[PDB]
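Student: Just so it is clear, I am handing over final.txt, which has compact mmCIF, C-alpha atoms and all ligand atoms.
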# COMPACT_ATOMS: atom_id res chain seq x y z
CA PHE A 1 0.00 0.00 0.00
CA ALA A 2 1.31 3.41 -1.00
CA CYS A 3 -0.05 6.72 -2.21
CA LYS A 4 0.82 9.56 -4.55
CA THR A 5 -0.63 12.96 -5.34
CA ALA A 6 -1.66 14.47 -8.67
CA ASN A 7 1.58 16.43 -8.24
CA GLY A 8 3.52 13.15 -8.26
CA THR A 9 4.44 13.45 -4.57
CA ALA A 10 4.77 9.91 -3.22
CA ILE A 11 4.44 8.45 0.26
CA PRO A 12 5.77 4.90 0.15
CA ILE A 13 4.93 1.68 1.98
CA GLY A 14 5.03 2.39 5.71
CA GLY A 15 3.52 5.87 5.58
CA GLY A 16 4.94 9.36 5.95
CA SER A 17 3.90 12.89 5.02
CA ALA A 18 3.34 15.02 1.92
CA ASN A 19 2.24 18.49 0.96
CA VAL A 20 -0.74 19.03 -1.36
CA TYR A 21 -1.28 22.38 -3.10
CA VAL A 22 -4.83 23.18 -4.17
CA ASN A 23 -6.53 25.88 -6.20
CA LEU A 24 -9.54 27.31 -4.32
CA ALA A 25 -12.57 29.28 -5.48
CA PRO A 26 -11.48 32.93 -5.20
CA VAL A 27 -14.72 34.26 -3.68
CA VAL A 28 -17.09 32.54 -1.24
CA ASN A 29 -20.04 34.12 0.57
CA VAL A 30 -21.01 33.66 4.21
CA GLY A 31 -23.37 30.68 4.33
CA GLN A 32 -22.12 29.01 1.14
CA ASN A 33 -19.54 26.25 0.73
CA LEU A 34 -15.96 26.40 -0.35
CA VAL A 35 -15.44 22.94 -1.85
CA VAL A 36 -12.00 21.35 -1.45
CA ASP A 37 -12.00 18.13 -3.45
CA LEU A 38 -9.05 15.92 -2.50
CA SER A 39 -10.37 12.98 -4.58
CA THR A 40 -8.63 14.48 -7.63
CA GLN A 41 -5.46 15.08 -5.60
CA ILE A 42 -4.61 11.95 -3.58
CA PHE A 43 -4.48 8.37 -4.93
CA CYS A 44 -3.52 5.05 -3.34
CA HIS A 45 -3.21 1.39 -4.30
CA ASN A 46 -2.89 -2.08 -2.78
CA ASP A 47 0.39 -3.89 -3.52
CA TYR A 48 -0.84 -7.44 -2.85
CA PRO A 49 -4.61 -7.76 -3.38
CA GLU A 50 -4.29 -11.50 -4.13
CA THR A 51 -3.85 -12.01 -0.38
CA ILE A 52 -4.40 -8.71 1.42
CA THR A 53 -7.20 -6.19 1.74
CA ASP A 54 -6.15 -2.72 2.86
CA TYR A 55 -8.42 -0.73 5.19
CA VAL A 56 -8.20 3.04 4.85
CA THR A 57 -9.77 5.69 7.06
CA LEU A 58 -9.61 9.41 7.57
CA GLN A 59 -8.36 9.02 11.12
CA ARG A 60 -8.32 12.74 11.84
CA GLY A 61 -9.00 15.88 9.83
CA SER A 62 -7.93 19.18 11.37
CA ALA A 63 -8.50 22.77 10.27
CA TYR A 64 -5.81 25.43 10.40
CA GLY A 65 -5.22 29.10 9.81
CA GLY A 66 -8.01 30.91 8.02
CA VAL A 67 -10.18 27.80 7.83
CA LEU A 68 -10.08 27.32 11.59
CA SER A 69 -10.68 31.06 12.11
CA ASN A 70 -13.28 31.82 9.47
CA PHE A 71 -15.17 28.64 8.49
CA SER A 72 -17.37 25.86 9.80
CA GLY A 73 -17.21 22.58 7.99
CA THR A 74 -18.06 19.07 7.07
CA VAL A 75 -15.98 16.44 5.36
CA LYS A 76 -17.44 13.90 2.94
CA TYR A 77 -15.70 10.55 3.10
CA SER A 78 -16.82 8.22 0.33
CA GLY A 79 -19.76 10.58 -0.17
CA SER A 80 -21.03 10.53 3.43
CA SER A 81 -20.87 13.63 5.63
CA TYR A 82 -19.09 14.06 8.97
CA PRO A 83 -18.16 17.03 11.15
CA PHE A 84 -14.96 18.86 10.18
CA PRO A 85 -12.72 19.34 12.11
CA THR A 86 -13.32 15.67 12.78
CA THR A 87 -14.52 14.30 16.10
CA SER A 88 -13.83 10.61 15.38
CA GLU A 89 -12.19 8.32 12.82
CA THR A 90 -14.32 7.57 9.74
CA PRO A 91 -15.48 4.18 8.49
CA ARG A 92 -12.89 2.31 6.44
CA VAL A 93 -12.68 2.20 2.65
CA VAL A 94 -11.44 -1.09 1.26
CA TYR A 95 -8.50 -0.86 -1.13
CA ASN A 96 -8.39 -4.11 -3.10
CA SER A 97 -6.79 -3.03 -6.35
CA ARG A 98 -3.26 -2.60 -7.58
CA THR A 99 -4.58 0.12 -9.92
CA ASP A 100 -4.53 3.53 -8.22
CA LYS A 101 -7.84 4.83 -6.99
CA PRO A 102 -8.78 8.17 -5.43
CA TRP A 103 -8.86 8.78 -1.71
CA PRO A 104 -12.52 9.88 -1.54
CA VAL A 105 -12.26 13.02 0.61
CA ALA A 106 -13.83 16.42 0.03
CA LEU A 107 -14.18 19.35 2.45
CA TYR A 108 -17.20 21.66 2.50
CA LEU A 109 -16.22 24.83 4.30
CA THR A 110 -18.74 27.57 5.02
CA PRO A 111 -17.64 31.04 6.11
CA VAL A 112 -19.10 31.97 9.48
CA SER A 113 -20.79 35.29 10.19
CA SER A 114 -17.64 36.91 11.62
CA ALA A 115 -15.74 36.29 8.37
CA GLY A 116 -15.12 39.03 5.84
CA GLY A 117 -12.31 40.10 3.57
CA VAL A 118 -9.33 37.79 3.09
CA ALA A 119 -10.41 34.60 4.84
CA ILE A 120 -7.67 32.26 3.61
CA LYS A 121 -4.17 33.47 2.65
CA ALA A 122 -2.28 32.21 -0.38
CA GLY A 123 0.34 29.64 0.65
CA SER A 124 -1.35 28.92 3.97
CA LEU A 125 -2.14 25.53 5.48
CA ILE A 126 -5.88 24.91 5.45
CA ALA A 127 -6.10 21.32 6.68
CA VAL A 128 -4.13 18.28 7.73
CA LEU A 129 -5.80 15.03 6.77
CA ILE A 130 -4.46 11.83 8.26
CA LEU A 131 -5.02 8.72 6.20
CA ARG A 132 -4.68 5.58 8.31
CA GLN A 133 -3.93 2.29 6.56
CA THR A 134 -4.28 -1.14 8.16
CA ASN A 135 -5.10 -4.50 6.59
CA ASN A 136 -6.69 -7.93 7.08
CA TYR A 137 -3.42 -9.85 6.99
CA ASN A 138 -0.75 -8.56 9.40
CA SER A 139 -0.14 -5.85 11.99
CA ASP A 140 0.75 -2.97 9.66
CA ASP A 141 -0.72 0.31 10.89
CA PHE A 142 0.57 3.37 9.10
CA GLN A 143 -0.33 7.05 8.82
CA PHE A 144 -0.13 8.93 5.53
CA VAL A 145 -0.27 12.57 6.59
CA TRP A 146 -1.46 15.08 4.01
CA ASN A 147 -0.84 18.79 4.57
CA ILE A 148 -3.25 20.79 2.43
CA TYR A 149 -2.22 24.31 1.33
CA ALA A 150 -4.07 27.05 -0.54
CA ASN A 151 -2.47 28.30 -3.77
CA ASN A 152 -4.49 31.56 -3.65
CA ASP A 153 -6.27 33.95 -1.30
CA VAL A 154 -9.97 33.33 -0.69
CA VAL A 155 -12.16 36.41 -0.23
CA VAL A 156 -15.45 36.54 1.67
CA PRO A 157 -17.44 39.53 0.40
CA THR A 158 -18.90 42.04 2.82
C1 LIG B 1 3.86 -14.72 3.23
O1 LIG B 1 4.46 -14.08 2.17
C2 LIG B 1 4.23 -12.73 1.98
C3 LIG B 1 4.69 -12.14 0.83
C4 LIG B 1 4.48 -10.79 0.60
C5 LIG B 1 3.81 -10.05 1.56
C6 LIG B 1 3.59 -8.61 1.30
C7 LIG B 1 3.44 -7.44 1.08
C8 LIG B 1 3.28 -5.99 0.80
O2 LIG B 1 2.97 -5.22 1.88
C9 LIG B 1 2.56 -3.95 1.58
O3 LIG B 1 1.40 -3.96 0.79
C10 LIG B 1 0.27 -4.46 1.46
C11 LIG B 1 -0.85 -4.43 0.49
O4 LIG B 1 -1.11 -3.18 -0.03
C12 LIG B 1 0.01 -3.61 2.71
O5 LIG B 1 -1.13 -4.13 3.42
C13 LIG B 1 1.17 -3.55 3.53
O6 LIG B 1 0.95 -2.65 4.70
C14 LIG B 1 2.36 -3.14 2.85
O7 LIG B 1 2.30 -1.78 2.42
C15 LIG B 1 3.34 -10.64 2.73
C16 LIG B 1 3.55 -11.99 2.94
Let me see whether you can do it: turn the structure in this file into structure tokens.
Tutor:
Amino acid sequence: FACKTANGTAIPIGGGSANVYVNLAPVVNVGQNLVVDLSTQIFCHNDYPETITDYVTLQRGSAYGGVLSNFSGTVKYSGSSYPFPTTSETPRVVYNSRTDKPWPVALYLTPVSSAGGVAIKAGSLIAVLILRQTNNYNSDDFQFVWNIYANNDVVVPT
């Protein structure tokens, strides 16, 4: 089991960490969602599906910077909604293919009433998403830590 981003940034067998740089909608109103789709950004595969099934969760999703300050959120994992920042580990997604498949995570971030003006700064960390991989075969238990950064400012009109 290993993962790589659309940017080609790899985290090998055994886990690790990687930075992910995303383009965000430039303008988002209070009450509406900024959508951060990681399913086009992060991909993983199973190296031995003949014998092993990999189990993959979002163990923890944390908000940072302008997202923590200016937004409330949910995360969709495999299309189902949970609080973001997370308050528990998600259900597991089974990874049974040697072909890469997306990690099915998207954030839906709504500016709160206090927000206005520049709500997320270009270059800033918006989220850390911890992918946890275990399996049905041995004791492997590894974290693939994804730091998510904004490529551009996000403005909340006033
Ligand atoms: C008994 O003979 C064996 C021969 C090969 C293997 C193996 C293997 C590959 O392991 C990797 O790939 C597995 C499948 O993706 C993961 O579950 C592991 O955590 C790890 O990343 C295990 C047992």
Student: Hey, which residues sit close to ligand LIG 1 (chain B)? Say within 6 Å, counting only C-alpha atoms and all ligand atoms, and write them as an MDAnalysis selection string.
Tutor: chainID A and resid 1 13:14 46:48 52 54 135 140
Student: Residue 73 in chain A: which residues within 7 Å, counting all atoms listed in the file, same-chain residues fewer than 5 positions away excluded, as a PyMOL selection string?
Tutor: chain A and resi 83-85+108-110
Student: Keeping only C-alpha atoms, write the selected residues as an mmCIF file, keeping the file's coordinate frame.
Tutor:
data_model
loop_
_atom_site.group_PDB
_atom_site.id
_atom_site.type_symbol
_atom_site.label_atom_id
_atom_site.label_comp_id
_atom_site.auth_asym_id
_atom_site.auth_seq_id
_atom_site.Cartn_x
_atom_site.Cartn_y
_atom_site.Cartn_z
ATOM 1 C CA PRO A 83 -18.160 17.030 11.150
ATOM 2 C CA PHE A 84 -14.960 18.860 10.180
ATOM 3 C CA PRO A 85 -12.720 19.340 12.110
ATOM 4 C CA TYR A 108 -17.200 21.660 2.500
ATOM 5 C CA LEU A 109 -16.220 24.830 4.300
ATOM 6 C CA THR A 110 -18.740 27.570 5.020
#
Student: Would you please work out which residue, of A:55, A:113, A:74, A:17, is nearest to residue 139 in chain A when using all atoms listed in the file?
Tutor: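 Closest to residue 139 in chain A, using all atoms listed in the file: A:55.
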Student: Using only C-alpha atoms, which residue out of A:133, A:158, A:72, A:124 lies closest to residue 19 in chain A?
Tutor: A:124
Student: In Å, with one decimal, what is the gap from CA of residue 30 in chain A to CA of residue 119 in chain A?
Tutor: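 Straight-line distance from CA of residue 30 in chain A to CA of residue 119 in chain A works out to 10.7 Å.
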Student: Which residues are near range 60-65 of chain A? Cut-off 6 Å, only C-alpha atoms, ignore same chain within fewer than 4 positions. Put them as number ranges by chain.
Tutor: A: 85-86, 89, 126-130
Student: Neighbours of residue 80 in chain A within 12 Å (only C-alpha atoms; same-chain residues fewer than 2 positions away dropped), as a list in words?
Tutor: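 Neighbouring residues, sequence-local ones excluded: residues 74, 75, 76, 77, 78, 82, 83, 90, 91, 92, 93, 104, 105, 106, 107 and 108 of chain A.
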Student: Between A:53, A:41, A:136, A:59, single out the one closest to residue 3 in chain A, counting all atoms listed in the file.
Tutor: A:41
Student: For the atom pair CA of residue 150 in chain A and CA of residue 26 in chain A, what is the interatomic distance in Å to one decimal place?
Tutor: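 A separation of 10.5 Å between them.
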Student: So how many Å separate CA of residue 8 in chain A and CA of residue 42 in chain A, to one decimal?
Tutor: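 According to the coordinates, CA of residue 8 in chain A and CA of residue 42 in chain A are separated by 9.5 Å.
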Student: Show me, as AutoDock Vina command-line options, the centre and edge lengths in Å to one decimal of the axis-aligned box that covers every listed atom of range 83-94 of chain A with 6 Å on each side.
Tutor:
--center_x -14.8 --center_y 9.1 --center_z 8.7 --size_x 18.7 --size_y 32.4 --size_z 26.8
Student: Please provide the set of residues having any atom within 10 Å of residue 120 in chain A, restricted to only C-alpha atoms, with same-chain residues fewer than 4 positions apart removed, written as a PDB file with C-alpha atoms, in the frame of the given file.
Tutor:
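Generated file (part17.pdb):
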ATOM      1  CA  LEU A  24      -9.540  27.310  -4.320  1.00  0.00           C
ATOM      2  CA  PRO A  26     -11.480  32.930  -5.200  1.00  0.00           C
ATOM      3  CA  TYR A  64      -5.810  25.430  10.400  1.00  0.00           C
ATOM      4  CA  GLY A  65      -5.220  29.100   9.810  1.00  0.00           C
ATOM      5  CA  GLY A  66      -8.010  30.910   8.020  1.00  0.00           C
ATOM      6  CA  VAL A  67     -10.180  27.800   7.830  1.00  0.00           C
ATOM      7  CA  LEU A  68     -10.080  27.320  11.590  1.00  0.00           C
ATOM      8  CA  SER A  69     -10.680  31.060  12.110  1.00  0.00           C
ATOM      9  CA  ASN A  70     -13.280  31.820   9.470  1.00  0.00           C
ATOM     10  CA  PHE A  71     -15.170  28.640   8.490  1.00  0.00           C
ATOM     11  CA  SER A 124      -1.350  28.920   3.970  1.00  0.00           C
ATOM     12  CA  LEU A 125      -2.140  25.530   5.480  1.00  0.00           C
ATOM     13  CA  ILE A 126      -5.880  24.910   5.450  1.00  0.00           C
ATOM     14  CA  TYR A 149      -2.220  24.310   1.330  1.00  0.00           C
ATOM     15  CA  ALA A 150      -4.070  27.050  -0.540  1.00  0.00           C
ATOM     16  CA  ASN A 151      -2.470  28.300  -3.770  1.00  0.00           C
ATOM     17  CA  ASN A 152      -4.490  31.560  -3.650  1.00  0.00           C
ATOM     18  CA  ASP A 153      -6.270  33.950  -1.300  1.00  0.00           C
ATOM     19  CA  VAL A 154      -9.970  33.330  -0.690  1.00  0.00           C
ATOM     20  CA  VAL A 155     -12.160  36.410  -0.230  1.00  0.00           C
ATOM     21  CA  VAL A 156     -15.450  36.540   1.670  1.00  0.00           C
TER      22      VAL A 156
END
Student: Go through A:137, A:146, A:95, A:103 and flag the residue nearest residue 40 in chain A, using all atoms listed in the file for the distances.
Tutor: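 Ranked by minimum distance to residue 40 in chain A, first place goes to A:103.
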Student: When you count all atoms listed in the file, which of these residues is closest to residue 50 in chain A: A:97, A:145, A:29, A:115?
Tutor: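 Between A:97, A:145, A:29, A:115, the residue approaching residue 50 in chain A most closely is A:97.
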